[PDB]
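Numbered from 1 within each chain, the chains take letters A, B, ... in sequence-line order.
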Amino acid sequence: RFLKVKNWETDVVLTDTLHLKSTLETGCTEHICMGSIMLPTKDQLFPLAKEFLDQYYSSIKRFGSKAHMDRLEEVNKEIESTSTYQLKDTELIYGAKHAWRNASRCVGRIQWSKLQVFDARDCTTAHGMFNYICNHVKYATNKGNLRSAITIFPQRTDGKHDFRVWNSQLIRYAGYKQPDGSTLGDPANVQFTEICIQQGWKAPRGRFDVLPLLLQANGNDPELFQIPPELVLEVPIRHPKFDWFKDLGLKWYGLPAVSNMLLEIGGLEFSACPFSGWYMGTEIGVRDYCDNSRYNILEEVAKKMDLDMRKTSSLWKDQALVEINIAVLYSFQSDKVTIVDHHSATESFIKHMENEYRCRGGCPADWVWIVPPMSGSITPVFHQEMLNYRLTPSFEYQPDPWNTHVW
Amino acid sequence: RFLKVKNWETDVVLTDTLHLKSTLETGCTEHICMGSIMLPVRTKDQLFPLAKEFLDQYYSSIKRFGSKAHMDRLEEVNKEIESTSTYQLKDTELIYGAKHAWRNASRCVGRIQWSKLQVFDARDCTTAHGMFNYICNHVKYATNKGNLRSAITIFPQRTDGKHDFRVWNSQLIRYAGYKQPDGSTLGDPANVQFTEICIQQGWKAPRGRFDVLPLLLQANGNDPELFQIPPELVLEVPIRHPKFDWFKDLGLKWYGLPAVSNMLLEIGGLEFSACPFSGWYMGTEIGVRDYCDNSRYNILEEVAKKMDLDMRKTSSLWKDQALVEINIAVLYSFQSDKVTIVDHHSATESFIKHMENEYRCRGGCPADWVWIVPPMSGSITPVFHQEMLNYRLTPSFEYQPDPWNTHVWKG
Ligand code: HEM
Ligand code: HEM
Ligand SMILES: Cc1cc(N)nc(C[C@@H]2CNC[C@@H]2OCCCCCc2ccccn2)c1
Ligand SMILES: Cc1cc(N)nc(C[C@@H]2CNC[C@@H]2OCCCCCc2ccccn2)c1
Ligand SMILES: C[C@H](O)[C@H](O)[C@H]1CNc2nc(N)[nH]c(=O)c2N1
Ligand SMILES: C[C@H](O)[C@H](O)[C@H]1CNc2nc(N)[nH]c(=O)c2N1
Ligand SMILES: [Zn+2]
């Protein structure tokens, strides 16, 4: 019931009590662990609302106060009659910050309380969504001095009137299948790029084509909008020591902005809640550039370094990997765009975990996602035992809308 | 029921049915995942069911399930348990059991090799000297002058738990660690407590950076006894780098034979508390963990200094650069000395082939992602993108507590 986590490098032992408050299911059982699997009415609503408002009033040291009981009554009466309820602005901000705080897969949560919440619950059309999103993009980008933000569109009602951003992130690069058989641009986005052109988009058919937003308001068919190019801060990639690096013609965008998740607060579901932080360098240099199914550039780079690619044991891939990641950090740092390296970010997460254990009784964390995709054991998180469990408010992954939507 | 696992790089999907044969608990529940936690005398009552489950598995594997031979063996074991309260494995059952414990070891990336395991039956051993002799023979056989051969030696099973055989060493070959009065450590910080025990037991320590520890061997629940492994049986590799001439002057070396000696082998409900086994190294075990963990030899800084890397900021990725060069050095050194070693790229690719084969022929392959993914270069290996299911099959290897915490000293 009370659980210990040990750090095997430092011998520090922490005690988790916060897991007792977990509600949702992990996917694991007593017989099987699913730790490495990526995806493992009025009546249900009031308990969820109550659970949330109790945590909210407790947070502002007003638990059991007249203002606490009055709000519970107000919300009960509103559900009883409207079938749903509306969050107070203060409740919404608290809920979003806490959904980030509870995101067990996020290494950047030391930052959780510094989150700018944009309340877009008054939005009614796709053009209105576009406006809010441009303002979010410009605010978060802040000329390279990035600031965490979330924009929250209206909550789910009967579920036939969902707001969705069809894009998986606000800013991504197009992918195109070629007669050649190969892929031009980002292979991750071939399907979406096709939905785009089929809906009208004039694809420039290049390697780094910023995708248009496909926005869905009030359950309507989505509409296309191009983000003003001047709002998309991109970084050309060069290496501090290798002059040839710039001739690979690589760039990435500065703003990582996840747009396909569902924010649940007090039983209310926000199906369009794009949020953004800033990158950890490995996300671009290891995953975006070197995944075999992504830009897959290891071979080209290793060749330009003239490494022995004849045998795996020369570690040519590992050498090229490190250089690519050096170039990513150097490029962002040189152009004054916020980026964090994996050493820094994971040291900050260990500090955050200790704060959370001290101040909250635990910190749900998914080791499989927290440990960086390179150099795992030379970061402190590798040696840190973590307990994974699901707390609300939460961000949840949700099915691609094209699989769902009826046109 | 069926469970599916997906590979996110290839989109290959596999279907697990083998998890239905799992018995033991994982530590996880519907409310909490303990996937990253390192550690999450039987009665007759439990024993015959465990023996029966095992013998049913063994006889099915030899295509003799339900045969007269199978039924007679069940009766014999039943009668032996009721009469003597335990039973003895046939040699063929022991071999099958040890190979299956390895096949079932979800944290082992090297399992493609599971069917090629030399089993040494040491169940006739009675004394610590006898254990020493068996272990020397294991080391010599496994080492095979650098052409490493996987092996396991199995000492007598647990009886009342008052007469256990134990190898007190966590691995047969490891280096001593000595805590200095100034707080620094000489040699391997992982082995300080065990080194202190050896010294207390009469070991004369050379007090250098790579002193091979003596064996401390407990037979039949007696107080353990110290033995020095003959140095001529301990193959070691001096570490040098193919391009960097100064690497040799760091004075590093490592031993060739990774030989785990502190695990408990369970077969058919019987417990083998001393079952040292050995394979060969994957390079990162040495180059990443033994050399670069902050709480082990911790050489990153010194290597990085000799490489003249920019060490003022972590974003220069100096640690990552030095880490790669050290791992090149380990693989180069082993290969040049003709000592078996596998790189993490080769080992993970072979593991994925093994896992796919096991899904097809066995219905599953329990695997612990946290341990299977190598401690460097994680996502450029195919296992990073492979979903895995972790569950516990028997026969199995289990952790057991260090014997110094539980041993009753006779004096
Ligand atoms: C401030 C800088 C931030 C950093 C450095 C950061 C770091 C990261 C990283 C490296 C990942 C894993 C990404 C991947 O491998 O795909 C991640 C995941 C995640 N983060 Fe953050 N984060 C930041 C801000 C945020 C914010 C502002 C939110 C919400 C308001 C958030 C919520 C999440 C969620 C829900 C995931 C899991 C996403 C998924 O399942 O696809 N993070 N974070
Ligand atoms: C033949 C070459 C082998 C290779 C390359 C190999 C590789 C590995 C590696 C890299 C690990 C994780 C080690 C760590 O991070 O500390 C491991 C764990 C393990 N292997 Fe193997 N292995 C091999 C042979 C064997 C053999 C012969 C057995 C038993 C007969 C075995 C059973 C195990 C077990 C039980 C673990 C988990 C150990 C623990 O929990 O401490 N392996 N293997
Ligand atoms: C199947 C699936 C499930 C899931 N939960 N999430 C994904 C998205 C995948 C998981 N990792 C790569 C990709 O997500 C990329 C977007 C992540 C950016 C996260 C982030 C957010 C804020 C700051 C820095 N980084 C896919
Ligand atoms: C607390 C704990 C639990 C556990 N199951 N195992 C350990 C031992 C740790 C696991 N990783 C480092 C150390 O084990 C070192 C020996 C592992 C060698 C495995 C091997 C065997 C054969 C060939 C190659 N490699 C500790
Ligand atoms: C199968 C496995 O869960 C999958 O490849 C995971 C591993 N860890 C990850 N970690 C992060 N941060 N992001 C990811 O996309 C993944 N992918
Ligand atoms: C806390 C965490 O489970 C621990 O550091 C693990 C992570 N993965 C590992 N993987 C292997 N192969 N060996 C290890 O010792 C560990 N240690
Ligand atoms: Zn689990």
Side-chain angles (χ1 to χ4, degrees), chain A residues 33-38 290-293 296 298-299 309-318 321 368 373 376, chain B residues 2-19 21 61 98-118 147-150 258 277-285 327 331 334-335 340-391 393 397:
Chain A
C33 179
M34 291 204 155
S36 70
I37 308 325
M38 290 206 68
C290 300
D291 276 4
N292 286 323
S293 62
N296 184 212
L298 272 172
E299 271 208 50
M309 292 167 74
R310 296 174 295 179
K311 9 154 285 154
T312 58
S313 59
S314 81
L315 312 190
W316 62 269
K317 282 182 162 149
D318 308 73
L321 183 65
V368 165
Chain B
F2 309 99
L3 291 171
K4 298 195 300 205
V5 288
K6 178 173 171 176
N7 184 296
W8 286 87
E9 190 153 70
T10 60
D11 289 355
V12 174
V13 180
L14 303 167
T15 294
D16 186 292
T17 46
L18 180 68
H19 70 272
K21 304 303 155 182
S61 83
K99 279 172 193 204
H100 279 72
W102 183 13
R103 197 185 184 172
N104 298 337
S106 71
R107 290 169 164 173
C108 178
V109 75
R111 280 177 292 168
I112 196 174
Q113 285 289 329
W114 75 272
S115 67
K116 292 153 188 158
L117 173 63
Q118 180 61 216
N147 187 192
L148 275 49
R149 298 184 281 201
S150 295
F277 62 82
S278 64
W280 49 84
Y281 270 115
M282 179 168 77
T284 50
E285 298 178 73
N327 279 271
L331 291 162
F334 273 62
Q335 289 167 182
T340 311
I341 196 163
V342 63
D343 67 82
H344 56 290
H345 299 290
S346 181
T348 54
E349 181 184 352
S350 289
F351 178 72
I352 284 300
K353 292 172 182 205
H354 173 68
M355 190 187 169
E356 297 181 340
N357 186 54
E358 291 281 83
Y359 269 79
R360 279 145 203 171
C361 88
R362 203 191 187 194
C365 183
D368 181 342
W369 193 100
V370 169
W371 279 59
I372 291 297
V373 175
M376 73 182 294
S377 293
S379 71
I380 57 153
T381 70
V383 289
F384 182 93
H385 310 273
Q386 179 66 58
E387 299 182 335
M388 298 172 192
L389 292 169
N390 196 196
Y391 48 88
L393 299 174
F397 291 107

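Looking at B/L389 and A/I37, their side chains come closer than 4.5 Å, going by heavy atoms from C-beta outward. Between B/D343 and B/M282, the closest side-chain pair of non-hydrogen atoms is not below 4.5 Å. Annotation: side chain of A/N292 is not in contact with side chain of B/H385 (no heavy-atom distance under 4.5 Å). A 4.5 Å side-chain heavy-atom check between B/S115 and B/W102 finds every atom pair outside the cut-off. You'll find the side chain of B/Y391 reaches within 4.5 Å of the side chain of B/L18, heavy atoms only.
Atom NZ of B/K116 is separated from atom CZ of B/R149 by 14.5 Å, given to the nearest 0.5 angstrom. In this structure, CZ on B/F2 lies 7.0 Å from OG1 on B/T17, to the nearest 0.5 angstrom. Note: B/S379 OG to B/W8 CH2 = 16.0 Å, rounded to the nearest 0.5 Å. Between the CG atom of B/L331 and the NE2 atom of B/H345 there is a distance of 9.0 Å, given to the nearest 0.5 Å. Note that CH2 of B/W280 is 6.5 Å distant from OG1 of B/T340, once rounded to the nearest 0.5 Å. We find the CE-CG distance between A/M34 and B/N390 to be 11.5 Å, quoted to the nearest 0.5 Å.
The two residues B/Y359 and B/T15 make their nearest non-hydrogen contact at CD2-O, 3.5 Å. The two residues B/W369 and B/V383 come nearest to each other via the heavy atoms NE1-O, 3.3 Å. Nearest heavy-atom pair, B/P258 versus B/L148, reported as atom, atom and distance to 0.1 Å: CD-CD2, 4.4 Å. The heavy-atom pair separating B/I372 from B/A367 by the smallest distance is CG1-CB, 4.5 Å. The two residues A/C290 and B/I380 make their nearest non-hydrogen contact at CB-CG2, 4.2 Å. Minimum heavy-atom separation, B/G378 to B/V373: CA-CG1, 3.8 Å.
In this structure, a donor-acceptor pair under 3.5 Å is present between the side chains of A/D318 and B/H344. Judged purely by distance below 3.5 Å, without hydrogens or angles, the side chains of A/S313 and B/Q335 pair a donor atom with an acceptor atom.
Using bins of under 30°, 30° to 60° and over 60° for the plane-to-plane angle, the ring pair B/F397/B/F277 lands in the tilted bin.
Within 6.0 Å of the NZ atom in B/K21, the count of heavy atoms belonging to other residues, nucleotides or ligands does not exceed 12.
For the side chain to side chain contact (heavy atoms under 4.5 Å, CB included) test with B/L14, the passing option among B/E358, B/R360, B/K4, B/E387 is B/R360; the others fail.
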So B/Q386 and B/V5, side chain to side chain contact (heavy atoms under 4.5 Å, CB included) or not? Walk me through it. CA-CA 8 Å; B/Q386 179 66 58; B/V5 288; 4.1 Å; yes
Candidate pair A/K311 and A/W316, rule side chain to side chain contact (heavy atoms under 4.5 Å, CB included), full reasoning: CA-CA 8 Å; A/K311 9 154 285 154; A/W316 62 269; over 6 Å; no
Tell me, with the steps shown, if B/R362 and B/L393 meet side chain to side chain contact (heavy atoms under 4.5 Å, CB included). CA-CA 12 Å; B/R362 203 191 187 194; B/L393 299 174; 4.0 Å; yes
